[PDB]
Amino acid sequence: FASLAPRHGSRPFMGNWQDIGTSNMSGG
Amino acid sequence: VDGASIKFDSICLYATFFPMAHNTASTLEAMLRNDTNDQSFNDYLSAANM
Amino acid sequence: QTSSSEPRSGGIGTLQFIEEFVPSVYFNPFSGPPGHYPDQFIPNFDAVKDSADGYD
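- Per the PDB record, this model was obtained through cryo-EM at a reported resolution of 3.2 Å.

Remarks on the packing of aromatic side chains
- In total, this model carries five aromatic pairs over all chains according to the counting rule given.
- Taken together, a centroid distance of 5.2 Å and an interplanar angle of 65° make the contact between C:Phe30 and C:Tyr37 edge-to-face. Considered together, C:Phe30 and C:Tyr37 belong to a single accessibility category, that of buried residues.
- Through successive ring pairs, a cluster of aromatic residues spans A:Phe1, C:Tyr26, C:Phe30, C:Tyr37 and C:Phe41.

Thoughts on the pattern of salt bridges
- Under the definition given, this model contains four salt bridges over all chains.
- Salt-bridge contacts for B:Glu29 lead to B:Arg33; the nearest nitrogen and oxygen are separated by 2.6 Å.
- According to the relative accessible area criterion, B:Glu29 is partly exposed, its value standing at 31%.
- Residue class for B:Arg33 comes out exposed when judged on its relative accessible area of 64%.
- Of the charged contacts in the structure, one is a salt bridge between C:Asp46 and C:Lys49, with a shortest N-O distance of 3.9 Å.
- Among the residues examined, C:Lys49 registers a relative accessible area of 56% and is labelled exposed.

Some details on the interface of chain B and chain C
- At the junction of the two partners, chain B supplies eight residues and chain C supplies eight residues.
- Across the chain B/chain C interface, buried area totals approximately 680 Å², and carbon plus sulfur atoms make up 67% of it.
- Between the two partners, chain B and chain C, sit zero salt bridges.
- Linking chain B with chain C are zero residue pairs in polar contact, by the criterion used here.
- For the side of chain B that touches chain C, the class distribution of residues is two nonpolar, six polar and no charged.

Calculation notes
Residues numbered from 1 in each chain as written, not as in the entry; some residues may be left out. Chains lettered and ligands numbered in written order. Part of a larger assembly, values for the part shown. Heavy atoms only, no water. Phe/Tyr/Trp six-rings, centres within 6.5 Å; stacked < 30°, edge-to-face > 60°. Buried < 20%, exposed > 50% of the residue type's maximum accessible area, 1.4 Å probe, protein only. Salt bridge = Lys/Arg side-chain N within 4 Å of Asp/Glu carboxyl O. Contact = heavy atoms within 4.5 Å. Buried area = accessible area lost by both parts, 1.4 Å probe. Polar contact = N/O pair within 3.5 Å; in protein donor to acceptor, adjacent residues only side chain to side chain. Nonpolar A, V, L, I, M, F, W, Y, C, P; charged D, E, K, R; others polar.

Dropping the structure here:
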């Protein structure tokens, strides 16, 4: 999916792999 | 008692749409209709309150 | 000759839709690179356009 990512230089500016879901609760 | 009144005349629902490309917003549509890609959420308080 | 002049092609009937198009068990779904997914599950997708159809 490098055609959806912005190009910083000539490399796709991707996010991290494990930053997909949320985990926050009221103190946990 | 203090005479404060409120009167709701009209109401409208608004919805802002990201103008995603139609062959990309259909790939995301197809991916998000699996039973494995269910959008799971959690209440932030996460408490039954008595 | 009772049959047609030319054999019919283009679209299958109800009984051949039953024989073909057995429901697709798609193991490990959408694991590939984009473009190697089943896009023909999508009811908007032209195969010979490789694009999802719109309102015009």
